[PDB]
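A quick write-up on the structure given underneath.
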Amino acid sequence: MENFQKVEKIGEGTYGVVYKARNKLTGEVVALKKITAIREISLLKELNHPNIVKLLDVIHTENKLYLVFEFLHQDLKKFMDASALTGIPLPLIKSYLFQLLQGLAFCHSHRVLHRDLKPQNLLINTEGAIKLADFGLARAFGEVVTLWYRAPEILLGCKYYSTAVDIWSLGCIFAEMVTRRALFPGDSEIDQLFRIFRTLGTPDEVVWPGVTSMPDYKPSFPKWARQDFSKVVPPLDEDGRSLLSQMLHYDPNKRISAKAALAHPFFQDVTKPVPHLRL
Ligand SMILES: O=C(Nc1cc(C2CC2)n[nH]1)c1ccccc1
């Protein structure tokens, strides 16, 4: 854009290139993303919450779309890589999960889904805050994209997925912060689906009614037994493992909502620590 002075290139997203920019008039530092869609994006400008990255403006010029966002100094992916030797302390993991669930509860109450939650679109500041970026952009529009945080209902071909997909994604991220390794690191749709099955057990009509009738379900899927959560996410306590299991329930209807997750005993001693950020 003409009104913005590009500082540097942040990275490459799912829709386009993300830039760090400065407004020539106001002097504000922003994040500029270069991409019926116009109306859906304009609805997200009103979706404001302290845990949702603020969409400042929507610029439509020369058949190209520019999305102006609030700037945050680091993403969760880079923060995880920078804390891989010592580990992100548990009180900070709990704070992050609590704040992200608050942001999810807000958007979900307004019927807005993320659909593509990953450590890369979770942004953090020096104040101990964590924010969700690119919310609702999947409904508006539609490099290898990661399947690691994708819910099984999406992998099994369900066209009409719910808010429960974001809970699954956040549960995979929760597990990753604790273990310092991706929960389900799939490199294909079937590898993703089979890694889920190997850990949580191949779903049947008992744990998930209607799973055998799903578009991409195949009766030939190998039958693996469920592994205990104590083996999946050590040294996470009983409260955390219980919340994780409810966030990772196969059936989208049994899967805990963001609002109910905020009331879970794991958040009894939740606080808001300040992270160690070297920018
Ligand atoms: O992504 C970063 N910043 C950012 C991105 C965003 C919006 C465009 C979604 N706001 N702030 C970032 C990551 C690492 C280092 C510096 C900046």
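Please note that chains go A, B, ... in the order of the structure tokens, that every chain numbers its residues from 1, and that ligands are numbered from 1 in the order shown.
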* If you count only C-alpha atoms and all ligand atoms, which residues end up within 10 Å of ligand 1, as a PyMOL selection string? -> chain A and resi 8-13+17-20+29-34+52-55+67-79+120-125+131-135+279
Expected file: the selected residues, N, CA and C atoms, as a short mmCIF file (atom, residue, chain, number, x, y, z; two decimals), in the first residue's frame:
data_model
loop_
_atom_site.label_atom_id
_atom_site.label_comp_id
_atom_site.auth_asym_id
_atom_site.auth_seq_id
_atom_site.Cartn_x
_atom_site.Cartn_y
_atom_site.Cartn_z
N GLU A 8 10.01 -4.49 7.33
CA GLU A 8 10.58 -5.80 7.02
C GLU A 8 9.49 -6.82 6.72
N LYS A 9 9.92 -8.00 6.26
CA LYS A 9 9.03 -9.11 5.95
C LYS A 9 9.03 -10.02 7.18
N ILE A 10 7.84 -10.32 7.70
CA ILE A 10 7.70 -11.19 8.86
C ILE A 10 7.75 -12.66 8.42
N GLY A 11 6.86 -13.02 7.49
CA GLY A 11 6.81 -14.38 6.98
C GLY A 11 5.75 -14.58 5.92
N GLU A 12 5.55 -15.84 5.54
CA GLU A 12 4.56 -16.23 4.54
C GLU A 12 3.45 -17.05 5.18
N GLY A 13 2.23 -16.51 5.11
CA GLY A 13 1.06 -17.18 5.67
C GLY A 13 0.33 -18.05 4.67
N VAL A 17 1.65 -12.87 2.00
CA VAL A 17 2.83 -12.38 2.73
C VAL A 17 2.45 -11.36 3.82
N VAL A 18 3.05 -11.53 5.00
CA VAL A 18 2.82 -10.66 6.16
C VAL A 18 4.02 -9.73 6.32
N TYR A 19 3.75 -8.43 6.40
CA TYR A 19 4.78 -7.39 6.54
C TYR A 19 4.61 -6.57 7.81
N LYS A 20 5.72 -6.03 8.31
CA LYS A 20 5.70 -5.13 9.46
C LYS A 20 5.72 -3.78 8.76
N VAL A 29 2.76 1.40 14.26
CA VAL A 29 3.40 0.19 13.76
C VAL A 29 2.33 -0.88 13.72
N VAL A 30 2.14 -1.45 12.53
CA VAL A 30 1.13 -2.47 12.27
C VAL A 30 1.69 -3.69 11.53
N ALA A 31 0.83 -4.69 11.38
CA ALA A 31 1.16 -5.90 10.64
C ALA A 31 0.23 -5.83 9.43
N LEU A 32 0.83 -5.85 8.25
CA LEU A 32 0.09 -5.75 6.99
C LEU A 32 0.10 -7.08 6.23
N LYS A 33 -1.10 -7.61 5.99
CA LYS A 33 -1.23 -8.86 5.26
C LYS A 33 -1.84 -8.62 3.88
N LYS A 34 -1.13 -9.08 2.85
CA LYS A 34 -1.57 -8.95 1.46
C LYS A 34 -2.18 -10.29 1.03
N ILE A 52 -7.75 -11.45 20.97
CA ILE A 52 -7.93 -11.56 19.53
C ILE A 52 -7.16 -10.38 18.95
N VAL A 53 -6.27 -10.66 17.99
CA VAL A 53 -5.46 -9.64 17.32
C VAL A 53 -6.42 -8.74 16.54
N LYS A 54 -6.42 -7.47 16.93
CA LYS A 54 -7.28 -6.45 16.36
C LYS A 54 -7.07 -6.19 14.87
N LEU A 55 -8.16 -6.30 14.12
CA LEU A 55 -8.18 -6.01 12.69
C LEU A 55 -8.44 -4.50 12.67
N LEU A 67 -5.09 -6.39 4.59
CA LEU A 67 -5.63 -6.45 5.95
C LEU A 67 -4.62 -5.87 6.93
N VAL A 68 -5.04 -4.81 7.63
CA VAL A 68 -4.19 -4.13 8.60
C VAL A 68 -4.52 -4.64 10.01
N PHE A 69 -3.52 -5.19 10.67
CA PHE A 69 -3.67 -5.77 12.00
C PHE A 69 -2.80 -5.10 13.06
N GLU A 70 -3.13 -5.40 14.31
CA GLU A 70 -2.39 -4.96 15.49
C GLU A 70 -1.06 -5.73 15.42
N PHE A 71 0.04 -5.07 15.75
CA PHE A 71 1.35 -5.71 15.72
C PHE A 71 1.76 -6.26 17.09
N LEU A 72 2.24 -7.50 17.10
CA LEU A 72 2.76 -8.16 18.30
C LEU A 72 4.17 -8.62 17.93
N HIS A 73 5.08 -8.55 18.90
CA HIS A 73 6.49 -8.86 18.68
C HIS A 73 7.01 -10.28 18.51
N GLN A 74 6.19 -11.28 18.82
CA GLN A 74 6.60 -12.68 18.67
C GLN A 74 5.41 -13.62 18.60
N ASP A 75 5.59 -14.71 17.85
CA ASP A 75 4.57 -15.75 17.74
C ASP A 75 4.94 -16.88 18.72
N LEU A 76 3.99 -17.77 19.00
CA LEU A 76 4.21 -18.89 19.92
C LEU A 76 5.17 -19.96 19.39
N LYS A 77 5.23 -20.14 18.07
CA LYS A 77 6.13 -21.12 17.44
C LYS A 77 7.59 -20.78 17.73
N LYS A 78 7.96 -19.51 17.50
CA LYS A 78 9.31 -19.01 17.74
C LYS A 78 9.64 -19.04 19.24
N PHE A 79 8.65 -18.74 20.08
CA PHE A 79 8.81 -18.74 21.54
C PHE A 79 9.03 -20.16 22.08
N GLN A 120 1.90 -20.68 15.10
CA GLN A 120 2.28 -19.56 14.24
C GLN A 120 1.31 -18.38 14.25
N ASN A 121 0.02 -18.66 14.49
CA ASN A 121 -0.97 -17.58 14.53
C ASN A 121 -1.44 -17.20 15.94
N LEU A 122 -0.61 -17.56 16.92
CA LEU A 122 -0.83 -17.24 18.32
C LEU A 122 0.31 -16.28 18.59
N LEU A 123 -0.04 -15.03 18.88
CA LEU A 123 0.93 -13.97 19.10
C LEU A 123 1.03 -13.54 20.55
N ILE A 124 2.25 -13.24 20.99
CA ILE A 124 2.51 -12.84 22.37
C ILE A 124 3.20 -11.49 22.53
N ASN A 125 2.97 -10.85 23.67
CA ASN A 125 3.63 -9.58 23.97
C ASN A 125 4.44 -9.70 25.26
N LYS A 131 -2.48 -13.73 22.02
CA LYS A 131 -3.60 -13.40 21.15
C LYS A 131 -3.73 -14.27 19.90
N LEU A 132 -4.97 -14.52 19.50
CA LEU A 132 -5.29 -15.30 18.31
C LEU A 132 -5.34 -14.40 17.08
N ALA A 133 -4.57 -14.76 16.06
CA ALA A 133 -4.51 -14.03 14.79
C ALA A 133 -5.18 -14.85 13.68
N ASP A 134 -5.66 -14.16 12.64
CA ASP A 134 -6.33 -14.75 11.47
C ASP A 134 -7.66 -15.45 11.73
N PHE A 135 -8.40 -14.94 12.71
CA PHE A 135 -9.70 -15.50 13.09
C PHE A 135 -10.79 -15.16 12.08
N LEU A 279 13.63 -9.72 22.24
CA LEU A 279 13.23 -9.20 20.93
C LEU A 279 14.37 -8.51 20.20
#
* Asked: Which neighbours of stretch 255-272 of chain A fall inside 6 Å, counting only C-alpha atoms, when residues of the same chain fewer than 2 positions from it are skipped, and could you give them as a ChimeraX atom specification?
  -> /A:95,101,105,239-240,246-247,249,252-253
* Asked: atom CA of residue A:231 and atom CA of residue A:194 are how many Å apart?
  -> 17.7 Å
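Considering only C-alpha atoms, the residue among A:156, A:129, A:80, A:112 positioned nearest to residue A:192 is A:156.
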* To do: Would you list, as number ranges by chain, the residues of stretch 102-232 of chain A that end up in helix (DSSP H, G or I) under DSSP run on this structure's backbone?
  => A: 102-109, 119-121, 137-140, 152-155, 164-179, 189-200, 211-213, 229-232
